[PDB]
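Working notes, structure below.
Only the coordinates and a few stated rules stand behind these numbers; no lab work does. Because the Cβ atoms are built from the backbone with ideal geometry, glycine has one as well, and the counts that use them run over all protein chains shown.
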Amino acid sequence: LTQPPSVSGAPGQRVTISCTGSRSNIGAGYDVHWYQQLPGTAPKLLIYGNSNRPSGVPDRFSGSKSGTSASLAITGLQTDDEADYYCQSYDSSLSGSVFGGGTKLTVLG
Amino acid sequence: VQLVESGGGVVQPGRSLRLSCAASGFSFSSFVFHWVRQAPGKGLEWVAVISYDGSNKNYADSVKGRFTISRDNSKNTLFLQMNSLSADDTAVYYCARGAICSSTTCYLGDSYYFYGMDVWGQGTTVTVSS
Amino acid sequence: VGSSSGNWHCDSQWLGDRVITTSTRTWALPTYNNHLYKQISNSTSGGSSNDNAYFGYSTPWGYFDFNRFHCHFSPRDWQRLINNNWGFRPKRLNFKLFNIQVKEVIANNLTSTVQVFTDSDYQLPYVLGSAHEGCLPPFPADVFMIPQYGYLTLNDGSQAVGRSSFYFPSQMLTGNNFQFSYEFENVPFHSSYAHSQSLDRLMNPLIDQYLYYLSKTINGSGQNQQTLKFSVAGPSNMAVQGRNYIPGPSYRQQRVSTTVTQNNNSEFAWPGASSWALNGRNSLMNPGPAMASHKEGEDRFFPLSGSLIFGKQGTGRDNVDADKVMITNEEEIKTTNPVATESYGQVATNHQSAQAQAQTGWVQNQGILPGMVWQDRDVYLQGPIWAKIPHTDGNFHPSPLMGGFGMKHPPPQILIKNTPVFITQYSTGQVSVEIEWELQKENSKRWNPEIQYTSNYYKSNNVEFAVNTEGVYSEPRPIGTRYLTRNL
Amino acid sequence: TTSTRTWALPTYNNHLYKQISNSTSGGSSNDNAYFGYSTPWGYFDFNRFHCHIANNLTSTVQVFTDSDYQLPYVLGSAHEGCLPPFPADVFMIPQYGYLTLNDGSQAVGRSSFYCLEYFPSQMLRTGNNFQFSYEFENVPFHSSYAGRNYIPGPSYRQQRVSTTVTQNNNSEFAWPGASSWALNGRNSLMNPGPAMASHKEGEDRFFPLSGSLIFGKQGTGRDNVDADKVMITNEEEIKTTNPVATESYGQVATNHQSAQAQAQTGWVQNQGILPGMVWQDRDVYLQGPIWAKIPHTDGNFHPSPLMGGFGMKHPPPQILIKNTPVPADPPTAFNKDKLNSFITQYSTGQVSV
Amino acid sequence: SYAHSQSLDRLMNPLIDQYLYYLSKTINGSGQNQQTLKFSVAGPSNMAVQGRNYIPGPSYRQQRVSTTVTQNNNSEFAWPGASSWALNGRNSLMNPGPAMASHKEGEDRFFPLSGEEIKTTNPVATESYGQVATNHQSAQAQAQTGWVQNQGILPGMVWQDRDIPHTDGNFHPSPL
C-alpha cells in the first residue's frame, strides 16, 4: 500500500489519487476504505466500502477498485478539498490492516 | 455520538501509562473498536484492534506484547494499557469504532475486517522523551 | 485441389490416468534467406563482446515449435490438471500437416510443393531446447509465423575452426498431407506439488533422540575452565539433532530487492552476477540449479539471474520496467532446497588448540554430497515442455535447469520450407499436433483442504485469459504446477 | 531372528490431537521454531539392531499400519522408545507426533493436519490377535569388513575436538564453531554429516565436533553429563577410502603463476562429488538404527542415510496403535458437546517381530 | 571416440530471441539515488546472458606451467604448488585429475602441472569454474563476488571423460 508523496491540481479540475497494493493486501478482494483529514484535525471516513459515499458526503468525491490498486477521483476541486487522504486495506499475511503512506492534495489556486 | 480520549502525558522512555477511551451516545457493545496512532509527519498507523466483548484481540506487529487492550462493557469505556515505551511511540492516539466490513467476508462477520472506522475520537498526545 | 486433406481438431479428453490434448493452428511460411545457406557470425554483428562471439550458418528451412505448454493446454485445462494431480508426463506424439496452399506475389500457385520431413535420427543441431520464440500461438484463433532454422558451431572468436561442421529425403507436397507418430522415452513424473514438511523437521517432536551432542566446551568464566558436557538431542534443541538427509546443492545468487530504494545504487547487474566460464568465455548462470528464490516472509527479494522471467503480453523487447514483465518464484521448494541468496552453511576452517580459537567459513557453493535431496524447477503454462539431453560421456540428473523433461530422444525436429521454383512465393497450411499425457493421481488423506488455483471473483474491466476489445489474447500471470501438497 | 516383548500403552493427550509449537516450550530460538501436532496414537519402534486395577474385558485396542506411507514417518530420526535389547524388559510405547511447515511458531497454508482415526484400522479385544507380513525392497548389503585412477570420497570438514580438555581452546566454542547448513533461514547443525574418517592415524584423542555418533551408558543423565557417561563412536576403519573429518580434503591452485607471481594454493574445506570418487558409507552399531525413509523427492544422490543403515523408498510401514476410549457415565439429558470424561485405562500385550 | 562440433553454451538458435527476460540495467545513469531495475530480452545480440539448460562439468583447479620457461616464476614450485588430496595424513598429488581442458583455445604453450577436445563440455583445467556472489547488496554495501576454485557435481551437468574398487558407493566409476 503506497501512495504518491504529493498530488497537485488546479481548482475546477479532476484530481486522482491511487494506492497500489500487494496480493496480501488487495489481491484477496478486501475493500479499500478511503479517509480524509483536514490538517491537525481528526480524520473522517470518506468513501466507506469500495466506492460508496455515506450520508453527509459530497457527490463529487468518487473512488473505485480495479486489480490490486484502488483509485479515487475527485471532480470539481474545491478549496475545502485540500487535505490529507489515506488509503487503508486489510493485509492477509500481516493479519491486521495497513494504512497507506499518506498523501497531501495540493489545490493550485 | 462522541468518542474521547484521556490519560496522555509525558512518559519518558521505559515506563507505562494506561490510555483510556470513554464513549457514550451509541451502544458500546454492538461496535468493534480500533486504536490508530499518528506520528506528527507520518501516515496513520493502526496500533490495535479489539472485538466486541473483547473475546479476540490481534495487535499490530510493532507493538505486540508491549501493549494490552481491555474493554469494559458496563461503563462504556475502552482501555488501552501499554508497557515498556520507547521513544519511537511518541505520537497521537485515536480511539476508533469499526463498523463497515470488507464486502465478501461480512457474512462471516469476524472481529477483524471491520477496519471501517466511521467516526473516531479527538486524539491525545503521548510524548515519550527523557 | 478441391479436396480437403484434414479437418480442424482442437479439444481435450479426460480419460482415467491419461489426458489427450489436440491443438490445431494455422501457419504462414515465407522464403528465408532467398533459398540460400549463409554463414553468420559476430563479425557481421560487429563482435563488440567476446562472450557474445558466435559463428554458424543461417539456413532457409523453418521449423514447428510446440515445445511450450501454452500450446497444448487451455488455461482451464491447465487448472484442471495442476489442481487435481501430483504428476503428469507426456506419452505419445501425433503430428499432422494438411490443407497446404502456395501463393505468388496474390493468387494460387497450384503446382508448387512444400518440403517437410522430420529428423528421427537427431542428426542436425537441436535448437528447440533454448526456449526460443516461434511457438504455436496459445490462442487457437491466432495465425502464427514459422521461425527460421539456424545453428551454431565451434569457433575461435569470430573465425571458424577446422573441427566445425556444416549441414535428407524430404516428402514434397497441395492435395498431399503429412503425418508421423513419436514416442517419448520413459521420463519421471514432473512433481507438481509442495511438501507438507521441511527437511530439518522430519523428526518426532515429542520424543528424544538417543544420540548425544556436546553442549559445553568449558566449565565457566576464568582461566583453565575447559570441560566437556553432553546432552540429549530432543525437543528443546531440534536444530542440533542428527539427520539422515540434507538439502541439495547451492550456487549463490546475488539478492535483488524489487523495491529499488533498498537496492544498491551501483552497477552490479553484470559484474555482481554469478556465472560460469567455458573456454575462457564467462557465461551467465541462468536460471541455474533449483533453489528457493527467497527466505521465509521475504517476497520482495529475488535471485539476480536465478528465476525465470516472462514478459507480459505486449511487452517491448528492450529496457522494459519491472511492471511490464512477470517473474516466477521457487518458494515451493524452500522445504528441501537452500535459498539462492543464502549460503549453504558454515564449516570449520582450522584446527583449534589451547592457543588458537576455533574458526568457521561460509560455503558459497556446494556440490553433491551423499544424502542430498532436492526438487527441480517448476514448469509453467508459459513454460517449456521438454529439453534435449546433450550426448556426453556422463551427466548428472539430466532434467533441464529451466524446467521440464530432459530426454536423449526428444520429439524430432520438423523441418519445412518452400521448394524453390526466383519468384516471390509463400505457403500457408494447417497443423494439428496431438500429445497424450499420463496422470499420477493423489491418494492423500490430509484432512484440511488444499491450496488450489482460482480466478478471483471480483468485478473487473476484462476477464483473465480472454481477449481485450481489440482481440489481443492475454496471459496475465504465470501459473506454476505446484499446489497440492505431499508429505516429505 | 525372532523376538518377543511385553508392552504397555497408556492414554496420550487424553485422546486429543493437540497443536503444539515452541511457544508451549517457551519458544527457544529461530533455529528451533517448529509447528505441528501431537497425537494420542502410539507406535511401535524397533528400528535399532539390538532389538533383534481391574480387567476390562470388552475394551478394544485400535491398530493399523500405513503401507501407503500417507502419514509423516518419524522412525528415521533415531528416536528413543525402541524395543529393549534384553528380552525380559517391559517398555512404554512412544507417542506419535508430527511436524509440518511453519513461519516461526506459526502455521502456513501448506501445513497439513492429519487425523489418524481417518485411516481404516482393526480393533482388537483380549481374545483377538493381530499380524501382518512385510517384504523389504531390494537394498544393497551393509559391508562389515575393513598416477592413480580414483580419489577419496566427499567431505564437509568438521572441527577437531580433543578428548584431553587442556589441549582445547579455552572458550565456549561448542556451538559457534560447528559446521552447519542453512535451510529457509533456520540453521541446522551438520550431524553426523557425510561419512568420513574420525581421525588421522596416531591420534586417538581427537574427534569431530558433531560428526561421530555418541551413545549414552545405562542410566545416563539427560543434561550436561560428563564424557565418561557417553560412548563416542569412531569411523576410523574407513580411513582408507574416506578423508578425515577434521582435515581439509585437499588443495587447489588460486591463480596463474608468471614471472611476476609465485604459485599460491589454498585448502579445500568441503568437497562435492567428483567423477572417479569411491567412498565408504557409515558403519552400523548394535545400538544404531537399521533403516531410514528416503524422502519422496524429485532428485537425490546415494540414498544411504547419513546416520547409517539402509535407506528405503518403502521402509517397513509405521505400525500405529491406540486404545479405544471408553466414556464415563453420560448425563441424563442430551448435551451436544463432545465427551471430555473417560475411564482411566491402559493396555498391555505381547509383540513378536 | 569423437569431439563435439558444438559448445555447451552455443546450443541456441542464432536467429530467434528467447521468450526469457534477464536483468539488463540497474541504474538510469550516473548520479545519486538512481536505483532502478530494467529488464530486456536475451537474443542473438547478447548470447552470454541467455538461459541455458546444461552447465559444463565439474572442475578442480590445477597450477599452470608454460613450455617457454622464461614465462615461469623463478622458484621451485612443482611440489609446493601441487594440487594434492590428503588421506590418513598422506598427501597424494592429483593426477591426471578430473577431465578438464588442458588449455584455453588459442594457447598451446601452457599445460596443466599434474594434468583439448573436451574443452566444449569441460572447463579448462587452469581456470576457475566461475564466480559466486559472496554477500547481499545493501544501499550502503556493494555487491561482492569470489572465484570458484573447484565445484562438485550439480544437477544438469554434462561432461566428457578423458580420451573399479570394491566400496560401498562410487560415482561415475570410469577411471581417471
* Asked: For the subset of the range D:321-353 comprising residues that are of a type in the set (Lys, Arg) and assigned to a loop (DSSP other than H, G, I, E, B), which member is nearest to D:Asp45 (Cα to Cα)?
  -> D:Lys338
* Asked: What strands (runs of 3 or more DSSP E), lying completely within the range C:376-474, carry at least 3 residues that are within 30 Å of E:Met12 (Cα to Cα) and in contact with a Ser or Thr (Cβ under 9 Å, 6 or more places away or on another chain)?
  -> C:413-418, C:425-440
* To do: Residue by residue through the range A:1-37, note down the ones that are within 11 Å of another protein chain (Cβ to nearest Cβ), polar (S, T, N, Q) and surrounded by fewer than 16 Cβ atoms within 10 Å (Cβ to Cβ).
  => A:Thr2
* If you take the residues of the range D:298-341 that are among the small types (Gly, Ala, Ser) and surrounded by fewer than 16 Cβ atoms within 10 Å (Cβ to Cβ), which of them is nearest to D:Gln287 (Cα to Cα)? -> D:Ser341
* **Residues that are of a type outside the set (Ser, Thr, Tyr) and at the interface with chain C (Cβ under 7 Å from one of its Cβ atoms), drawn from the range D:140-160** => D:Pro154, D:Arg157, D:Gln158, D:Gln159, D:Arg160
* **Qualifying positions in the range E:69-88 - over 26 Å from D:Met196 (Cα atoms), of a type in the set (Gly, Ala, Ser) and more than 7 Å from chain D (Cβ to nearest Cβ)** => E:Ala78
* strands (runs of 3 or more DSSP E) wholly in the range D:78-124 with at least 3 residues that are buried (at least 22 other Cβ atoms within 10 Å of the Cβ) and touching a strand residue (DSSP E or B) at 6+ places or on another chain (Cβ under 6 Å) - which ones? -> D:95-100
* Output the number of the condition that E:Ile16 fails; it satisfies all remaining conditions of (1) of a type outside the set (S, T, N, Q); (2) farther than 30 Å from C:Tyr380 by Cα; (3) touching an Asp or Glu at 6+ places or on another chain (Cβ under 7 Å). => (2)
* Take the residues of the range C:169-191 that are of a type in the set (S, T, N, Q) and part of a loop (DSSP other than H, G, I, E, B): which is surrounded by the most Cβ atoms within 10 Å (Cβ to Cβ)? -> C:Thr174
* Verdict on E:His166 being within 7 Å of another protein chain (Cβ to nearest Cβ), over 18 Å from E:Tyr60 (Cβ atoms) and surrounded by fewer than 19 Cβ atoms within 10 Å (Cβ to Cβ) -> no
* **Failed item, numbered, when D:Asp281 is tested on (1) of a type outside the set (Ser, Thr, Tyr); (2) assigned to a loop (DSSP other than H, G, I, E, B); (3) closer than 30 Å to D:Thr126 by Cα** => (3)
* **Selected residue [more than 21 Å from C:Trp78 (Cα to Cα), crowded, with 19+ Cβ neighbours inside 10 Å and among the polar types (S, T, N, Q)] from C:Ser399, C:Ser432** => C:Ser399
* Scan the range E:22-68 residue by residue and report those that are under 24 Å from the mean Cα position of the chain (by Cα) and assigned to a strand (DSSP E or B). => E:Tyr22, E:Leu23, E:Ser24, E:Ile55, E:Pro56, E:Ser59, E:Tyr60, E:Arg64, E:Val65, E:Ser66
* Asked: Can you name the residue in the range D:288-321 that is of a type in the set (S, T, N, Q) and closer than 24 Å to E:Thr167 by Cα and is also nearest to the other protein chains (Cβ to nearest Cβ) among such residues?
  -> D:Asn300
* What is the residue count in the range C:15-64 for residues that are small (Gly, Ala, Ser), surrounded by 19 or more Cβ atoms within 10 Å (Cβ to Cβ) and more than 11 Å from chain E (Cβ to nearest Cβ)? -> 1
* In the range B:32-90, how many residues are in a helix (DSSP H, G or I), small (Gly, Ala, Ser) and out of contact with any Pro (no Cβ under 7 Å at 6 or more places or on another chain)? -> 1
* Asked: Does C:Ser130 qualify as being part of a loop (DSSP other than H, G, I, E, B) and under 24 Å from the mean Cα position of the chain (by Cα)?
  -> yes
* Are there any strands (runs of 3 or more DSSP E) wholly within the range A:38-109 with 2 or more residues that are more than 8 Å from chain B (Cβ to nearest Cβ), and if so which? -> A:44-47, A:61-66, A:69-75, A:84-90, A:103-107
* Asked: Can you tell me which residue in the range D:306-320 is farthest from the chain's Cα centre (by Cα), limited to those that are among the aliphatic types (A, V, I, L, M) and in a loop (DSSP other than H, G, I, E, B)?
  -> D:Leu306
* Asked: C:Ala277 versus (1) more than 7 Å from chain E (Cβ to nearest Cβ); (2) farther than 30 Å from E:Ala139 by Cβ; (3) of a type outside the set (D, E, K, R): which is the lone unmet condition?
  -> (1)
* To do: Consider E:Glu105 carefully, then state whether it is within 8 Å of another protein chain (Cβ to nearest Cβ), in contact with an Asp or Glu (Cβ under 9 Å, 6 or more places away or on another chain), farther than 26 Å from D:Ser155 by Cα and not polar (S, T, N, Q).
  => yes
